[PDB]
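A lone chain, given as structure tokens: the form deposited in one PDB entry.
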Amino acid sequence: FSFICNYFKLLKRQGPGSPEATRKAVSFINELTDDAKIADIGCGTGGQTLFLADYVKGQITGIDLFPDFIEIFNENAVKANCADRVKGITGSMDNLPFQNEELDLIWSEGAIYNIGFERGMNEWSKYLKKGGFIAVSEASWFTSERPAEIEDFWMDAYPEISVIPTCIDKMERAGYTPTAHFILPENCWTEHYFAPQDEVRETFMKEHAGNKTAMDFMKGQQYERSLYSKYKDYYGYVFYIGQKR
């Protein structure tokens, strides 16, 4: 991910979502206090972390593997006048810097796939307080059968993808009460994820026009939009909310 990550740090969001989606996910947890501790795993540049900060109270800690994203994250916190309660730090998903039952809420949008839905659910449970909440958005299937094309894509990119029922089953096994789930509206993909990339598509085309690897990356981005604008009825992002029992 050489220039791949330098490309995404130019976007407000590195994955599908929306202020409304983050807000809807919050409507399912309990109200927190300024002393509550929250963690946004795979926060990226923190686009959704700031939406979250607007809907909940407490000290938020953003964690991401790419340091360049954290730099932007902390820069945005300052600009947003909330760097005192919202801080970003580089870290790994399979080695979180928290103590047992330290957090009131675990947040993660389009990032848990990096360690697997099931694995994440179980391993992150340790860091959550009794009665605490977890909210993550994951790519899932909306039906039991779908076209081969979309399927081959996901079984290659993210083999752990599954139907909603299976995702909820794993939450229970992980010791979470399946509080709620909802499919993110399409605008979370087009308006907040794809559209933003088209804007910088021309400046990008002019700078990397003569570079194979770069241009290939472009075909990929375009192929994603095609898959979505043709299979949106068979898959998408889903928000899962659970409370640790």
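Note that the rigid core is defined as the largest set of C-alphas that superpose within 1.5 Å between two forms. Residue numbers run from 1 along the displayed sequence.
Form deposited in another entry: not shown, discussed below.
Of the residues checked (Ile112, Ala77, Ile106, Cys167), the rigid-core alignment between the shown form and the other one shows a Cα shift of at least 2 Å for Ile112 alone.
Pairwise change in the other entry: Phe8 and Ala111 C-alpha atoms lie closer than in the shown form, at least 3 Å. Three angstroms is the minimum change: in the other entry, the CA atoms of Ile112 and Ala83 sit closer than in this structure, by 3 Å or more.
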